[PDB]
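# Remarks on the overall topology
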Amino acid sequence: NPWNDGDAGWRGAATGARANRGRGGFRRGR
RNA sequence: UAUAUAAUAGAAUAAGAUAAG
């Protein structure tokens, strides 16, 4: 899709919904 | 889409000299 123009947006944002769909343990830490 | 859990037992029965206050 060209209209996205390299912008993931909400699907690739930092929102709590996207940060609550992984199980890594947050051990190493960003 | 993750690297991890830990429980079964039993027996009846005694040796004995220190150069002291």
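This entry carries the title "Cryo-EM structure of RNase-treated RESC-B in trypanosomal RNA editing".

For chain A, the count of helices and strands is one helix and zero strands. When the backbone C-alpha atoms are referred to their principal axes, chain A occupies close to 35 × 15 × 10 Å. Residues counted as buried form 0% of the 30 residues belonging to chain A. Total accessible area on chain A stands at roughly 3400 Å², and carbon and sulfur atoms take up 49% of it.

A separate point is unusual backbone geometry. Despite not being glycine, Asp5 shows a phi value in the positive range, around 55°. As for its placement among the helices and strands, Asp5 is situated in the segment before α1 (16-19).

All right, on to the environment of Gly29 then. Residue placement: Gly29 occurs in the segment after α1. Between the C-alpha atom of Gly29 and that of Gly6, which follows or precedes it by 23 residues, the distance is 26 Å.

Calculation notes
Residues numbered from 1 in each chain as written, not as in the entry; some residues may be left out. Chains lettered and ligands numbered in written order. Part of a larger assembly, values for the part shown. Heavy atoms only, no water. Helix = DSSP H or I, 4+ residues; strand = E, 2+ residues; numbered from the N terminus. Buried < 20%, exposed > 50% of the residue type's maximum accessible area, 1.4 Å probe, protein only. Areas by Shrake-Rupley, 256 points an atom, 1.4 Å probe, with all protein chains shown as cover.

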